[PDB]
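S.K.: this one's sequence-less:
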RNA sequence: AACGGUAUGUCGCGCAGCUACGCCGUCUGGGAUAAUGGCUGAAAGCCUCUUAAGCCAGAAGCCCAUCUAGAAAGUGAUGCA
């Protein structure tokens, strides 16, 4: 029984497109010339994603939600923050 | 005597047939689950297997694969009529 939104600033030097709940993050290195691309279907967690070209930010919003559905705003930006570090620098897991 | 009868003759061995006390087969990988263990991750700027979305691993159990029956599941392809 409440109406609100939260935002997240994707930086410069990293392209994205968002359509039908499918977040396609991608990155281009200047020197070595290697594209990288990550895609995830987020049709579940029913939230309105939008990409603001002006602020290069992604905004998500949760109308009329229970406290279970407000968690999904934070879970979106949990995945997307890993996606930006995953495409640019790349995750290693040292184990021995 | 030979070759037979009768005592549903007794003893010895005995193919065929059946039979065990004999002989051969019982291979083999999925899928979704139950308990439970994990990954990423909010709610709760920390932290958590989800007590939230999403993902993985998972029982002699359940469903497939295999095997038995099978179109009054009144079916079908091909020969003639």
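M.R.: Ah, there it is. Numbering: from 1, shown residues only, chains lettered A, B, ... in the order given.
S.K.: the most centrally placed residue in chain A: which element?
M.R.: Residue closest to the average C-alpha location in chain A (CA atoms, centre = their mean): residue A:80, at 3.2 Å. Element membership for residue A:80 (DSSP states H and E) is helix A:67-88.
S.K.: show me what from chain A comes close to RNA strand B.
M.R.: A:44-45, A:67-68, A:70-75, A:77-79, A:82 (CB under 7 Å from any atom of the strand). C-betas here are computed from N, CA, C, even on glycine.
S.K.: try 6 Å this time
M.R.: By CB under 6 Å from any atom of the strand, the residues of chain A that approach RNA strand B are A:44, A:45, A:67, A:68, A:70, A:71, A:72, A:74, A:75, A:78, A:82.
S.K.: filter these to the buried ones?
M.R.: A:45, A:72 (16 or more other CB atoms under 10 Å).
S.K.: show me the contact partners of the helix holding residue A:80.
M.R.: A:6, A:8, A:10-11, A:14, A:23, A:25-27, A:36-38, A:40, A:42, A:45, A:47, A:49, A:58, A:60-62, A:91 (CB atoms under 8 Å, 6 or more residues apart in numbering).
S.K.: 10 Å instead?
M.R.: A:2, A:4-8, A:10-11, A:13-16, A:18, A:23-29, A:35-40, A:42, A:44-47, A:49, A:58, A:60-63, A:65, A:91 (CB atoms under 10 Å, 6 or more residues apart in numbering).
S.K.: one more: stretch A:10-25?
M.R.: A:26-30, A:35-52, A:55-60, A:76, A:79-81, A:83-84, A:86-88.
S.K.: buried among the residues you listed? Make that a PyMOL selection.
M.R.: Here is the PyMOL selection string for the buried members of these, based on 16+ other CB under 10 Å:
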select buried, chain A and resi 27+38+42+45+47+49+58+60+76+80+83+84+86+87
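S.K.: mind listing which of the contacts of stretch A:10-25 are in helices?
M.R.: Within the contacts of stretch A:10-25, residues falling in helices by DSSP state H are A:76, A:79, A:80, A:81, A:83, A:84, A:86, A:87, A:88.
S.K.: noted, bye for now.
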